[PDB]
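S.K.: Here it is, the structure, as structure tokens.
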Amino acid sequence: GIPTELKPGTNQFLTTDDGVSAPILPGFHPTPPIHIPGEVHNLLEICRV
Amino acid sequence: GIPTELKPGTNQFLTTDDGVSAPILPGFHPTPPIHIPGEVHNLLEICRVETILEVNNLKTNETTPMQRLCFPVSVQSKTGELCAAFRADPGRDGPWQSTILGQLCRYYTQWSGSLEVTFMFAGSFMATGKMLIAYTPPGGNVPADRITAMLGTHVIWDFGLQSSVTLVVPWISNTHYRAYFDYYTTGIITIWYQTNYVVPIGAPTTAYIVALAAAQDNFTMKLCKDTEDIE
Amino acid sequence: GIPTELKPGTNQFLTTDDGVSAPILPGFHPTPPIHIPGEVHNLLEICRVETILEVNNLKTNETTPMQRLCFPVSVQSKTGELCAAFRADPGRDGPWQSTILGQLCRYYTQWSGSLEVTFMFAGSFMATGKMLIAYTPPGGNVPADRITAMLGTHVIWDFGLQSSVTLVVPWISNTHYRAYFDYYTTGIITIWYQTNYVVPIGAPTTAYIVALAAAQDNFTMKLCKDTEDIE
Amino acid sequence: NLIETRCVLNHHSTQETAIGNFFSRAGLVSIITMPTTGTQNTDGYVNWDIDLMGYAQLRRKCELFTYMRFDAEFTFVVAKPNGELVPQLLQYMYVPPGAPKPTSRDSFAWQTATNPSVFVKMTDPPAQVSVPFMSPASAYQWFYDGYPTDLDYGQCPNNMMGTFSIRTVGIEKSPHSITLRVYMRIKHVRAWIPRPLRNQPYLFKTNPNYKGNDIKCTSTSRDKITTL
Amino acid sequence: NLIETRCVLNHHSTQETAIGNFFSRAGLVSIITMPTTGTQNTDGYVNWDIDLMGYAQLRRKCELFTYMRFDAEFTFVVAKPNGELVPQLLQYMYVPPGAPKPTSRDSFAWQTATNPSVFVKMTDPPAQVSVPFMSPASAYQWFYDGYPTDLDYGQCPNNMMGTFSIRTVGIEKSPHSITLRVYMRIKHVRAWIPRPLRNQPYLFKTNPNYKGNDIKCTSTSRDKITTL
Amino acid sequence: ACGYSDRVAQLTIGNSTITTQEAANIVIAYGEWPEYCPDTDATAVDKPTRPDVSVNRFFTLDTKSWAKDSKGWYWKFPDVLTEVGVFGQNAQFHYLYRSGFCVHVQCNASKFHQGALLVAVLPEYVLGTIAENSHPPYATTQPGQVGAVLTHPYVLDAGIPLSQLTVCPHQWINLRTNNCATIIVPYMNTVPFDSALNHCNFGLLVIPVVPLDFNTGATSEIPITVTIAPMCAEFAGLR
């Protein structure tokens, strides 16, 4: 196998870590989105009101 | 999955390992930098700066330290007598401890290069005379009289002509070890009175010399180690 | 994350594994190398160097070891009598232990190649005579008399003409095992008196021969193993 | 001593004297202890505000410069007071500046999504995390010749890097005492405006005050200016 | 014996006789023992100066050359004296040359950022670290025909490779006794000026002195120079 | 190197002239020619003095006498010329030193004499004692011009076999043929310049492996004469 060395930080759960988890339902195809007017992208859009 | 094999050194924390850790705040955009003059990139930039040597580091000075910053010359001194003397040992104790160079040397284990010592004369514009500066190479016998010093590497300095003069220590080296001993290869600077101090009526008969020193460009250091200068 | 599966051998430390460990001092720049003549790259370079064989390794010598470095010839010896004899067994005990080759052979398990033995005559320039050198191939009967030795691989050496002569052991092999036994295929060198030692009036009637030996280029070894020469 | 032999005739690498190499390496910046019961632990938690001027060793090194900018890597080496490890689940929470710190072993603070927290078992290898450049200014500054508004002189709150709140997880108190060593490493260092090196013993964390009766000389002394 | 059969008629690989292969493999260079209480352990720590001339086996191999240059890989195999492992946190600190060594189980030395330290649990697999070429000279030398300034003859301090300081972490002493085996492997070897192979028993680590009354012969003996 | 059937030659270097037979049977230690030190930061700010004056010449040491019982001799370098001539005062006032050497060992014997000497150069020739702990005295570690006598030649006073000394730059002197050896030794150290007074870069050994013999009536002592010539000598005082 490939020689690896576990470094400090192994096995830790950081509430701000942005990883990838296993999809609980791999066969599921979520209902597709449609157009809904008024989509907001950044809170500052609201602050300018 | 991918066949892996954990090798020795797994799960260890090495204080000198240089890894990558998870950003505690991924969404944060640190305040951006602006221009601040005087950014330093390497400590040697600081070592090339002349700082004041406490050549006059007497036990009787300790209570009036301001007097260590300069030594004096006077009329009482006879032609040919020794004025001052110290060696070129940046890291070790002594006059060099006051300089920025010697302070940074303690933060390292080895070093080597050239040094330059500058002497400045502060006395009345009416004073004149000649001092003899001499560098006695490492493993050499300190000059006994003015005449022998003259036969070695020296500089006749006439402070009636130049208010300042610079000497260059060609090469010093150090290899700090324990047993505490320094593999310090270093010379001895000796200041002699070539002529006596000459002055007219109305002028102070005692003036002072200020000594500044710095490392040249070829100076370099290696192997860090926290100092012993603090407690 | 990346799906991995730890396979057998995980967490093991193999003294012969050749991995990469974390540098204890990442900021350190090791002193750079300079040129030093005589760098060695392979031990065989050393094995090709002639070293002195202790052919005269008698029990009576032990207290005056300097005498093992050379054996002698004399007038008392009659034409045709056996002078000395030893086999070409670098690794094993005996004369070869004194050579640099035999010492390095103990640091390995197997070896094979050619060897060359050189004989040097030290006696008076006035002496003359002929010695017969003979190599008896492995699994061969050691020569009984001078005449039979002559029928095999031999060299008539006239030290009145050449002060030195070199013999070449064509091929030896070894495959060291335990049960301790050596699968050593090796011959027997025999030195005979072809003629008696001739000398005029005024010259020593006893002279010495020095034996040097080394491995040739085709010599090679494999499978390391710490020696038994020390304690 | 001064043994004058073995002369190094080669120049060493300048990399060793670079600001980065000078401030690298993880050093111990704090030692928190959480005993089962003693003086300050019927609580069950600890609040350590990130402080560099903690160890005079590192502090002196920083005060060689006026301004500095850098990232910090923190490693959490914990175990019981005697070095033994047990299957204890711990939580380390980073409370940014301007955020509310836990005031009890179970404040709401511990549940606040915005206070990043890292959960790790004392058995797992040391947790490691990197904290960026928090100041609202372009650089941290070890010297402020003004007032942030006297007793609040030299105090610049824009150097506030955050707080780390440690505690054992679980509703009931932990049976084990914990001794945690916090290591910090400075990454991507940048320094400006070099200044004289501290030559007087330190008296306080927040100011250059020095003992004015016992003013020590920068260098040792000797009898005559000619004896060497 | 001398069984003359099975003749190897092929040349073997020369790679096996190369300086590198000859000095490879991790060998045991030291065995430190730290019992709970006995003779030298009311301390709680150990200072092992890195020494190669430790085992005569490896020493003889090196003294085949005058100068050598190389990197060293150290592996730390620890466990209790009977082979059992326990959840004990240990610390191994490398004190470079010219640096101050710990003098107590809790000296400041253990906190000095410049003395790289590696923390590992006795349960974790053996710690492994590489130490470079420390000498201030171009190569280590096993022979110095001079004086570094008699009783200090042959002594060259430029071979000083450093010290390893072991200890259990934690403020209180560890309940367990520890037996630690230190393995070392020589990487990137280079050798110069080959010399005669030691043929006399060693008497000291720091010098070639040999027993002069009992001078052993390089080779075994026999009766006649013709009997074989 | 030099023996019978060689055209006699008269070599001169400075104010010195030695008559020695021209035998291009010379040994060049470790395959390299003595050279002037490559550049180094130290002597890049303080050039190295290369006194070609009365320093690059033939220093002929006092002749040693070889008898039927001699055990062998050895000299240390640069120590041997430390107490001699301008190479001495030049090697004392200068902090750093560096040099090479043409070494020439020569015998004078009749054809009715017999013997064999091994001449070898051993870098960093550290010596031992019979022993308890006791590092050898300064008088036997640095013998000077006179040189010193081996006490246990079989192990070269250092616990190493003489039988293996040939893995070092050597040359045999078999009275039967040649009567003189020549060896060119280049600077060997772990640093460009060392102290000429502290460290002895190597040792010259002359050990009789096949003892002197002759019939009573012939000169009982054969003279061994050593001649040294520095090659590419450099000094750096650092001033």
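Here's how to read the names in the structure tokens: chain A, B, ... by the order shown, residue numbers from 1 in each chain, ligand numbers from 1 in the order shown.
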Any idea which chain E residues end up within 6 Å of chain C if we count only C-alpha atoms, as an MDAnalysis selection string please?
M.R.: chainID E and resid 1:4 7:8 12 16:19 25:26 125 128:131 133 136 138 191:193 218:223 225:226
S.K.: Please check the contacts: residues of chain A at most 8 Å away from chain C, using only C-alpha atoms, listed as a list in words.
M.R.: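 Therefore, the residues near the partner are residues 1, 19, 20 and 21 of chain A.
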S.K.: Please save N, CA and C atoms of the selected residues as an mmCIF file, in the first residue's frame.
M.R.:
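Once written, selection.cif looks like this:
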```
data_model
loop_
_atom_site.group_PDB
_atom_site.id
_atom_site.type_symbol
_atom_site.label_atom_id
_atom_site.label_comp_id
_atom_site.auth_asym_id
_atom_site.auth_seq_id
_atom_site.Cartn_x
_atom_site.Cartn_y
_atom_site.Cartn_z
ATOM 1 N N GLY A 1 0.808 -1.255 0.000
ATOM 2 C CA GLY A 1 0.000 0.000 0.000
ATOM 3 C C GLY A 1 0.823 1.279 0.000
ATOM 4 N N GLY A 19 -16.193 19.864 4.620
ATOM 5 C CA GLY A 19 -15.866 18.656 3.891
ATOM 6 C C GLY A 19 -16.986 18.101 3.035
ATOM 7 N N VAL A 20 -16.804 16.846 2.644
ATOM 8 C CA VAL A 20 -17.778 16.132 1.840
ATOM 9 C C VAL A 20 -18.175 14.860 2.574
ATOM 10 N N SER A 21 -19.475 14.690 2.768
ATOM 11 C CA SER A 21 -19.975 13.528 3.473
ATOM 12 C C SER A 21 -20.661 12.589 2.492
#
```
S.K.: Taking only C-alpha atoms into account, which residues of chain D are within 9 Å of chain F, as a PyMOL selection string?
M.R.: chain D and resi 5-11
S.K.: What is the distance, in Å and to one decimal place, between atom CA of residue E:41 and atom CA of residue E:107?
M.R.: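 Between atom CA of residue E:41 and atom CA of residue E:107 the gap works out to 15.7 Å.
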S.K.: Between atom CA of residue D:121 and atom CA of residue D:96, what is the distance, to one decimal in Å?
M.R.: 23.4 Å
S.K.: Based on only C-alpha atoms, which of the residues in chain F come within 7 Å of chain B? I want them as an NGL selection string.
M.R.: :F and (42 or 45-46 or 95 or 237-239)
S.K.: Pull C-alpha atoms from the residues just selected and write them as a tab-separated table (two decimals), in the first residue's frame.
M.R.:
```
chain	number	residue	atom	x	y	z
F	42	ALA	CA	37.55	33.72	4.84
F	45	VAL	CA	38.51	39.22	2.51
F	46	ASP	CA	42.11	38.33	3.42
F	95	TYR	CA	46.67	31.59	12.06
F	237	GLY	CA	46.88	35.25	9.07
F	238	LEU	CA	43.48	37.03	8.81
F	239	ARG	CA	44.48	40.75	8.98
```
